[PDB]
Amino acid sequence: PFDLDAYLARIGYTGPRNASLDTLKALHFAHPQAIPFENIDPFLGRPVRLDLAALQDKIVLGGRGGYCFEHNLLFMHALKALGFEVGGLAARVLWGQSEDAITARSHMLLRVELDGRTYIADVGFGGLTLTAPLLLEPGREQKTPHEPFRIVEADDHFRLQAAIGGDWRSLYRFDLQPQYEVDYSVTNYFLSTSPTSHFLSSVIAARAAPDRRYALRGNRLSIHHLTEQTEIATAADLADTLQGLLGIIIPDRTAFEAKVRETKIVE
């Protein structure tokens, strides 16, 4: 039982409620501005629950954010409640540098079928949040409220890329294998509890705005203008940046400052 009314209020959406491309675009823009990307719970060693009541409690009622499964499960339920035809996908993250040739299928996105065309939707990528749905058409450069994006087709996957700094940079790679909640729950368990997850060893946060994007990785704050960099020197500063600048909830401030020391994010 999904509370569509509460969700649209959480994201500040007052437009028409229907299963149109105009609506999908307004939701895709509004969601990552209103609901931050963050791993506060995993960083603090608390569990991430993916069931729908737990998601609404945390994010909608509780005003918090989340990482990809939390964002995209939520978006999926809302789109389904609005009457969109929607399925889960999974992706391997290519953004940044990995110690793996092939990285794990650690990211979730969505496919949306609109008048017999396939779009992808993804309001939960931490590296760089997409702010518009994208047509699944290889090669085609697609305008969004922020950067241009494109999907390229390789041997047996699609790669989503964004135009950043004059380069096409790959966010992740995916195929069309369908994913269900049970599949995400396995990956979620790994990412929120394995000592090998970077979601446990550091803070990762992001939020979109009209003119800019905010990104925090550990002690590095970046503001990307439609690019200011601050290095955060202390746990108190990190917490103030999270809570003040980024609108992120820290549910246990002393456990937070204590974790920041253990991980030496700031040291």
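What the sequence shown shows, in the entry's author numbering, is residues 6 to 231, 235 to 275, in sequence order. The beta carbon of each residue, even a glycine, is placed where N, CA and C say it ideally should be.
- Taking 7 Å as the cut-off, the beta carbon of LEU254 is found closer than this to the beta carbon of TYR219.
- Here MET113 is bridged, per DSSP, to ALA95.
- DSSP lists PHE42 as the beta-bridge partner residues of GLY71.
- Here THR262 is exposed, its C-beta having fewer than 16 other C-beta atoms within 10 Å.
- Buried is the label assigned to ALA167, since at least 16 other Cβ atoms lie within 10 Å of its Cβ.
- When rounded, the separation of the alpha-carbon atoms in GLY144 and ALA244 is 45 Å.
- Looking at the DSSP output, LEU250 sits in no beta bridge, so it has no partner there.
- Pairing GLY70 with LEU139, the inter-Cα distance amounts to about 23 Å.
- Fewer than three pairs of CB atoms, one per stretch, sit closer than 8 Å, so the stretch 143-161 makes no contact with the stretch 16-28.
- Following the DSSP letters along the chain, one finds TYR194 inside the alpha helix (DSSP H) bounded by residues 186-198.
- In chain order, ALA96, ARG97, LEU99, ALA159, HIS162, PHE163, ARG164, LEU165 place their CB closer than 8 Å to the CB of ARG178, counting only its own chain and leaving out the 5 sequence neighbours on each side.
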